[PDB]
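Just one chain follows, in the form deposited in one PDB entry, and it is written as structure tokens.
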């Protein structure tokens, strides 16, 4: 069993300051597609206290946040605001006529509590009515913040899913919503939990919280990736694809398929896929050819629509072992498209064998031991740059089987997904464990459950993230 270690790939922003940290490499570098100064308009929905708190937060973060950093103070820089030392080279702004407000009578009508469906859909409709008033007005916002009040939060929390229907109705709009709880805008009252009743939810330090929220606002408003994943030694335009299977919330066991692409530098495309038949547990909604061929053809159609070319490498990775009919369909479609390099890997969030315990420090982030046929990828770990392991106990590997084998070995696959791990947009945290086509599965399922009938499904991960 041969062993090796791996180092994390560097991140490129403006062809300067090749750094691993997504926060320090934003603070002291030139971020991607920067300008001399840009304005991003925010829109807020909620009662007047939430709007006042949101405006106070937005106009107080520009002064500066502390940067003490008790555990490895290079984990985050002190946030200096978006003034002269702007980490995104912009200046945020909020329009006066953009921000909305709902009266107490409608909130009490929601809080009448008939059951946990009617109040939920009434609050949903009213929110999209306020959002349509936002959109049809003159002050159109780039990113909308839904800072719902604590009473409506408890009315939603008394239980469907509010978030799924909210994103399903906002998919037909022009701006992506950026729902943020009222505790997150510096309010002294903590939100009550669901099961533990008389308990207070926890939250990070203020500086890292502001860093994550402001970077998420930066993506959701400005349509531009912050950090790119520059390729390794000898790569081309690949088509990293994950496949997920979800069950609807109306009591139907139809394990419907999806498809997610993260081809160019981290840009993602979410496609609906085909129907769902023949699942005792769920392994083949790619039955024979009639689903898999035209699902891959639709994937290549989207790739031809954007890139006006064809992918050189396809790296279909999932978590459930496939069958011979699905493999035959994938191989036939890729041969009809003339694909050069292919891989069909199933990745295990399982395989209880935990090894390489030696050494005084815990095991490093990135370490490959290749069992004779299958690899043991350690994607979460520790570094001397971060000093220690501030996480929890022992990390969890993944094991990769190239079922229906192809023209690649396991070292290339392990190095590729260890390049693929830290291109995460929901977080600027460094120690990540899952590839983004795998982590995106739950996030796209929780929204695509509630689309329902046949409409324009569209393809943008910005709605789901």
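What we label the rigid core is the largest C-alpha set whose atoms superpose within 1.5 Å from one form to the other. Numbering follows the first chain given and starts at 1.
There is also a form deposited in another entry; it is not shown, and the following applies to it.
Core-based superposition between this form and the one not shown shows that, of 389, 255, 219, 269, only 255 has its Cα displaced by 2 Å or more. After superposition on the rigid core, the Cα of residue 49 moves by less than 2 Å between this form and the one not shown. Residue 284 is among the residues whose C-alpha shifts by 2 Å or more between this form and the one not shown once the rigid core is aligned.
After superposition on the rigid core, the Cα of residue 165 moves by 2 Å or more between this form and the one not shown.
Note on residue 213 and residue 199: their C-alpha atoms are nearer in that other deposited form, a change of at least 3 Å from this conformation.
Between residue 250 and residue 170, the C-alpha separation shrinks by 3 Å or more in that other deposited form, relative to the conformation displayed.
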